[PDB]
């Protein structure tokens, strides 16, 4: 079976290598990020990522933030991130319900104070709280 396992691991590396060369994914630690280049609103990005078997991307580390920012830069668009401050204002949570730890707010942000429940990322990787109805680059994590 060890023959099978080595071969399997090698083939997985080949396919991920191919996708990484084609610019179709970025691997960061345990996470893989990807975009198909389309721009839609926050709710539609969630459905899109979920349909593909993943989730709207969120950076929980400086390294993850840089990877998503590099995607925002390459595709030159603002990006919606997987966090919201719905139920309680000023209190941003990941979509799994956990309170946000790492942040990278653009100076002055977040300033919505009720009416801005989503978070967008600028091309320099910094964050702004925003309404959820804008068209933003869809980035998913797997």
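Positions refer to the first chain, counted from 1.
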* Taking the recorded C-alpha temperature factors, which stretch has the higher mean, 110-118 or 43-51? -> 110-118
* On average, are the C-alpha B-factors higher in 66-74 or in 86-94? -> 86-94
* Relative to the other modelled residues in the chain, which third contains the C-alpha temperature factor of residue 35: lowest, middle or highest? -> lowest
* Based on the entry's values, in what third of the chain does the Cα temperature factor of residue 28 lie: lowest, middle or highest? -> highest
